[PDB]
Amino acid sequence: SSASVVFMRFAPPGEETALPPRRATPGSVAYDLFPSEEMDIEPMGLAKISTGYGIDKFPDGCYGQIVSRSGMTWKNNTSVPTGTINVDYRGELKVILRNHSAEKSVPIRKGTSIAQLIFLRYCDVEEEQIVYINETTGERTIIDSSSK
Amino acid sequence: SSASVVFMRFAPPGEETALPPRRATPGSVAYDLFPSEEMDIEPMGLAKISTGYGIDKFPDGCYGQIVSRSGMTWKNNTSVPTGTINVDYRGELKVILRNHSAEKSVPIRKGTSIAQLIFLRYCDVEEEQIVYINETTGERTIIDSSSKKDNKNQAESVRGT
Amino acid sequence: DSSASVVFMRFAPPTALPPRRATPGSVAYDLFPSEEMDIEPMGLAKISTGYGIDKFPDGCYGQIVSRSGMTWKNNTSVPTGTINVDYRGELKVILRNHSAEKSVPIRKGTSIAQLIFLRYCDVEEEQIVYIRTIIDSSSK
Ligand SMILES: O=c1ccn([C@H]2C[C@H](O)[C@@H](COP(=O)(O)OP(=O)(O)OP(=O)(O)O)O2)c(=O)[nH]1
Ligand SMILES: O=c1ccn([C@H]2C[C@H](O)[C@@H](COP(=O)(O)OP(=O)(O)OP(=O)(O)O)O2)c(=O)[nH]1
Ligand SMILES: O=c1ccn([C@H]2C[C@H](O)[C@@H](COP(=O)(O)OP(=O)(O)OP(=O)(O)O)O2)c(=O)[nH]1
Ligand SMILES: [Mg+2]
Ligand SMILES: [Mg+2]
Ligand SMILES: [Mg+2]
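Residues numbered from 1 in each chain as written, not as in the entry; some residues may be left out. Chains lettered and ligands numbered in written order. Heavy atoms only, no water.

- Deposited coordinates in this entry are attributed by the record to X-ray crystallography, at a stated resolution of 1.56 Å.

## A closer look at the overall build of chain C
(1) Moving on: The number of helices and strands found in chain C is one helix and 13 strands.
(2) Moving on: Reading chain C from its N terminus to its C terminus gives the helix and strand order β-β-β-β-β-β-α-β-β-β-β-β-β-β.
(3) Moving on: Taking 140 residues into account, the globule formula puts the C-alpha radius of gyration at 14 Å, and chain C, at 18 Å, lies well above it.
(4) Moving on: On the principal axes, the C-alpha backbone points of chain C span a range of 55 × 40 × 30 Å.
(5) Moving on: Put simply, chain C has 140 residues, and 56% of those count as buried. (Helix = DSSP H or I, 4+ residues; strand = E, 2+ residues; numbered from the N terminus. Rg over C-alpha atoms; globule rule 2.2 N^0.38 Å. Buried < 20%, exposed > 50% of the residue type's maximum accessible area, 1.4 Å probe, protein only.)

## Structural notes on the packing of aromatic side chains
(1) Moving on: Scanning the entire structure with this criterion turns up 15 aromatic pairs over all chains.
(2) Moving on: Where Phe7(B) meets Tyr31(B), the ring centres are 5.2 Å apart and the plane angle is 70 degrees; that geometry is what we call edge-to-face. Note that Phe7(B) is positioned in strand β1 (residues 4-9) and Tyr31(B) in strand β2 (residues 30-33), a separation of 24 residues in sequence.
(3) Moving on: Residue classification places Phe7(B) among the buried positions, given a relative accessible area of 1%.
(4) Moving on: When the centroid spacing of 5.6 Å and the interplanar angle of 80 degrees are considered together, the rings of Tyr63(B) and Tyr122(B) count as edge-to-face. Of this pair, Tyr63(B) sits in strand β6 (residues 62-67) while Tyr122(B) sits in the loop between β11 (115-121) and β12 (127-133); the two residues are 59 residues apart in sequence, bridging distant segments of the chain. Taken individually, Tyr63(B) and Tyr122(B) each receive the classification buried, so the pair is uniform in this respect.
(5) Moving on: Taken together through their ring pairs, the aromatic side chains of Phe7(A), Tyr31(A), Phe58(A) and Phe119(A) make up a single cluster. (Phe/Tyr/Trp six-rings, centres within 6.5 Å; stacked < 30°, edge-to-face > 60°.)

## Section: the UniProt feature "binding site: dUTP" (unreviewed entry) in chain C
(1) Moving on: The residues that UniProt annotates with the feature "binding site: dUTP" (unreviewed entry) are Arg67(C), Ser68(C), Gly69(C), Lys92(C) and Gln114(C).
(2) Moving on: For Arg67(C), the position within the fold is in the loop between β6 (60-65) and α1 (68-74).
(3) Moving on: Exposure remark for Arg67(C): the relative accessible area of 28% places this residue in the partly exposed category.
(4) Moving on: If sequence neighbours within four positions are ignored, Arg67(C) has contacts with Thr82(B), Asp30(C), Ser111(C), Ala113(C) and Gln114(C).
(5) Moving on: Relative to the helices and strands, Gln114(C) resides in strand β11 (residues 113-119).
(6) Moving on: When its relative accessible area of 9% is taken as the criterion, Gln114(C) is described as buried.
(7) Moving on: Setting aside chain neighbours within four positions, we find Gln114(C) in contact with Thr84(B), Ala28(C), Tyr29(C), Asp30(C), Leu31(C), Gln63(C), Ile64(C), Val65(C), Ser66(C) and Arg67(C). (UniProt positions renumbered as here; feature names shortened; annotations may be inferred. Contact = heavy atoms within 4.5 Å.)

## Focus on empty space enclosed by the protein
(1) Moving on: Size it by volume and the largest cavity reaches roughly 660 Å³.
(2) Moving on: If you list the elements that add at least two residues to the lining of the largest cavity, you get β6 (62-67) of chain A, β6 and β11 of chain B together with β6 and β11 of chain C.
(3) Moving on: Considering the residues around the second largest cavity, the lining is formed by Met44(A), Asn77(A), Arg98(A), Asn99(A), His100(A), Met44(B), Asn77(B), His100(B), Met42(C), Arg96(C) and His98(C).
(4) Moving on: Its residues placed into classes, the lining of the second largest cavity shows three nonpolar, six polar and two charged. (1 Å grid on protein atoms, 1.4 Å probe; cavity = no way out; pocket = protein on both sides within 12 Å on 5 of 7 lines; lining within 4 Å. Points joined across faces, edges and corners; volume = space filled by probe spheres on them. Nonpolar A, V, L, I, M, F, W, Y, C, P; charged D, E, K, R; others polar.)

## Some words on the UniProt feature "domain: dUTPase-like" (unreviewed entry) in chain B
(1) Moving on: The sites that UniProt annotates as "domain: dUTPase-like" (unreviewed entry) are residues 21-136 of chain B.
(2) Moving on: Secondary structure content for residues 21-136 of chain B is 6% helix and 43% strand, while the C-alpha to C-alpha distance between its ends is 54 Å.

## Some remarks on the side chain of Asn99(A)
Residues and elements named next belong to chain A.
(1) Moving on: Relative to the helices and strands, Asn99 resides in strand β9 (residues 94-99).
(2) Moving on: Take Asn99: its relative accessible area is 1%, and that puts it in the buried class.
(3) Moving on: A distance of 3.0 Å separates a polar atom in the side chain of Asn99 from the backbone nitrogen of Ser101.
(4) Moving on: When sequence neighbours within four positions are dropped, the list of residues in contact with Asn99 reads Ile41, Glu42, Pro43, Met44, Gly45, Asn76, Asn77, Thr78, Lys104, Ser105 and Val106. (Polar contact = N/O pair within 3.5 Å; in protein donor to acceptor, adjacent residues only side chain to side chain.)

## Some remarks on the sheet that holds strand β4 (residues 44-48) of chain C
Residues and elements named next belong to chain C.
(1) Moving on: Strand order across the open sheet formed by three strands is β4-β9-β7, with antiparallel pairing between neighbours. Only two strands of the sheet have a single partner each, and these edge strands are β4 and β7 (76-77).
(2) Moving on: Of the pairings in the sheet, the one linking β7 to strand β9 (residues 92-97) comprises two bridges and is antiparallel in character. Each bridged residue has a counterpart across the sheet, and for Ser77 the counterpart in β9 is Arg96. (Pairing = 2+ DSSP bridges.)

## Let's talk about the pairing of β11(C)
All names here are of chain C.
(1) Moving on: Most of β11 is tucked away: six of the seven residues are buried.
(2) Moving on: Of the strand pairs in this sheet, strand β2 (residues 29-31) and β11 are connected by three bridges, and their pairing is antiparallel. By the bridge assignment for β11, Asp30 is matched with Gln114.
(3) Moving on: Across six bridges, β6 lies against β11 in antiparallel orientation. In the sheet register, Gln63 faces β11, and the bridge partner there is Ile116.

## Here we look at the site of ligand 3
(1) Moving on: In the vicinity of ligand 3 lie 13 residues, with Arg69(A), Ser70(A), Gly71(A), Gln116(A) and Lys92(C) positioned nearest.
(2) Moving on: Each of chains A and C places residues near ligand 3.
(3) Moving on: Between ligand 3 and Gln116(A) there is a distance of 3.0 Å, counted from an oxygen atom to a side-chain nitrogen or oxygen.
(4) Moving on: In the complex, the protein chains occlude 77% of the 580 Å² of accessible area that ligand 3 would expose alone.
(5) Moving on: Contributions of two or more residues to the shell around ligand 3 are made by α1 (70-76) of chain A together with β8 (82-83) of chain C.
(6) Moving on: By residue class, the composition of the shell around ligand 3 is three nonpolar, seven polar and three charged. (Near = heavy atom within 4 Å. Areas by Shrake-Rupley, 256 points an atom, 1.4 Å probe, with all protein chains shown as cover.)

## A word on the side chain of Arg23(A)
(1) Moving on: As for its position among the elements, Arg23(A) is in the loop between β1 (4-9) and β2 (31-33).
(2) Moving on: Of the residues examined, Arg23(A) reaches a relative accessible area of 15% and is grouped as buried.
(3) Moving on: For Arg23(A), the side chain forms a polar contact with the side chain of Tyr31(A), separated by 3.4 Å.
(4) Moving on: Excluding its chain neighbours within four sequence positions, the residues that come into contact with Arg23(A) are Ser28(A), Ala30(A), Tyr31(A), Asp122(C), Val123(C), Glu126(C) and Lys140(C).

Structure follows, in structure tokens:
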């Protein structure tokens, strides 16, 4: 399971839903995410968009980070201001998309990806300590310690 | 001690400070960060908020990236527009939080977390080259090459301006 | 071997200062502009850096992120920055000005963003399931 992922589709197999997460090319590092439903994000608006899928299984030692796509950012003057997917998350992935235009609305459409998902390697910390370091003497005082 | 972290609290053990960085659940990838000071971020404002802690020791091969939390982003219409913590940083972690509301202020309160810190794996590059590639012929020219210093040579340091 | 090595490609013949880490503990390469401009209030700029990535370190891709100073001092953000490992073009920094009144001066001597080589998983096996019914399965 070092390089495998399992996405969970929230809609029943007979029902119409979002296009599945897909990497555009063999060198694409992220899966393009698509909306389940259409909308127009008003100027200066912030939208929480359902993608139709969750992550059932993550690659070993990775989590999912939703980041913006260059096209959506540049062409539509947007950003994706958050996107950290915890490895115990059993829900549907939502894309949070901000419109930075004071005048133009952002069209959200079924066939156009709105953001992309990267499987980043992170450290799942096993031992943590909080210390106070005395700047004059160099003395270290352990405040708290915890083992996961 | 490859999957271990040490946070340094800047306030002496007898003084009131921020709640320590803490992961909310066993599957939470990031440590929730708390403020050591209170304020109200004006509409369209940007704040640099002290957390009360630094990182004394990072997990092997990782650095710290401060990123936004979904709740703070969505409920308070904010973003965390920067957050790269270098592995030689000995200072206090500060959260840079932007308010995107044109009308409402964002309340920053002790005990309410404002961002989260992830220990991401990165490549500490040891060898680098700069090349020029001719688009018509395909010929390559090496412009520069550098190997990251590894305490082989020492020299007296000289003051700047 | 190529586990901790990078090759940058300069587009100008033997226009911008090269990507450079400020200190031994700096995790990212500061990127510099190959052109000057003033980003109008609430503007969004796509700034050329003068360099591409010819070779990435093994198992890494390039992520362009904001620098703290540029963000705080100039009220900016870097709202996108994912560099695919098959990208043969010049790196562009997308920089947003969040000020309603002040412009952001972009000048060749000042770094505008920074590039981190992050470790990621290049997925080899993927499945779509309905919760279990396998909907689709694909091997890269
Ligand atoms: O763009 C995003 C970000 C997060 N999430 C989901 C998955 C993630 O595991 C969960 C919580 O994210 P985070 O830890 O950033 O938010 P929080 O404010 O701590 O959430 P809560 O206290 O509701 O858990 O929300 C999304 O679907 N989309
Ligand atoms: O959200 C953030 C980002 C950075 N930092 C600290 C730790 C980091 O190591 C240092 C420098 O960050 P960066 O390299 O992004 O900033 P810079 O503009 O290059 O800073 P400087 O030249 O002042 O070091 O600032 C924070 O506390 N919070
Ligand atoms: O800040 C950025 C982001 C991206 N890129 C380049 C390199 C990257 O490989 C390419 C595509 O980025 P992304 O996949 O985010 O954008 P897209 O809208 O999906 O474009 P494409 O259709 O090429 O994948 O654009 C930049 O130069 N600067
Ligand atoms: Mg793409
Ligand atoms: Mg959380
Ligand atoms: Mg720096």
